[PDB]
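**Q**
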Amino acid sequence: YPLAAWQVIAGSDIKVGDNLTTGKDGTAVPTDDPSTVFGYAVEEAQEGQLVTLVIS
Amino acid sequence: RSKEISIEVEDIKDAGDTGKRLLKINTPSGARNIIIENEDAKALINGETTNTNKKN
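The following block contains the structure:
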């Protein structure tokens with residue numbers, strides 16, 4: 058069901074607009090190297106909290 | 114839409130015509146063939162001159 062945005066457990070602290078990639082245990086962590094980027098967060102989240110961001 | 118971004122030369126929108134030819138080239142000889150238009154100068158740089166190249 059093609060989702061435009063997901064809710065993924067943050068593997069660290071994530072700021073709004075941060076590009077995200079996979080982390081430990083499949084968690085979402087901040088990145089900076091295009092290739093690892095699968096989505097951009099739309100809200101701030103602390104480690105262990107869900108963060109919702111658009112795919113793209 | 115994403116697996117990896119193994120882009121190609123023609124994906125680089127603001128690359129120039131000579132710039133793309135150089136990026137695709139595999140050897141120094143190929144690069145010299147792109148860059149040096151004067152055939153006598155190219156012959157000198159290649160260390161391979163005819164008597165006509167020498168006169169010129």
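Chains as they are written, first to last, in the UniProt record's numbering: chain A, 58 to 113; chain B, 114 to 169. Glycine included, each C-beta is placed from N, C-alpha and C at the ideal position.
Under 9 Å Cβ-Cβ, which residues of chain A neighbour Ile-125/B?
**A** Within 9 Å Cβ-Cβ: nothing; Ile-125/B doesn't reach chain A, min ~14 Å.
**Q** When we look at the beta-carbon of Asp-89/A and count the other beta-carbons within 10 Å, is it buried (16 or more) or exposed?
**A** Answer is exposed; the Cβ neighbour count stays below 16.
**Q** Here's a check: name, in chain order, each residue in its chain whose Cβ is nearer than 8 Å to the Cβ of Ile-158/B, leaving out the five neighbours to either side.
**A** Here the set comprises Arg-145 and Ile-149.
**Q** For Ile-125/B, which three-state DSSP category applies?
**A** Of the three classes helix, strand and coil, the one that applies to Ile-125/B here is coil, per DSSP.
**Q** Does any CB atom of chain A fall closer than 9 Å to the CB of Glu-121/B?
**A** False, the Cβ-Cβ gap to chain A never drops below 9 Å.
**Q** Whole-angstrom Cβ separation of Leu-110/A and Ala-62/A, contact assumed at under 8 Å?
**A** At roughly 6 Å, the Cβ-Cβ gap stays under 8 Å, so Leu-110/A and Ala-62/A are in contact.
**Q** For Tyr-58/A and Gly-105/A, what's the separation of their Cα atoms in angstroms?
**A** Their Cα atoms are separated by approximately 26 Å.
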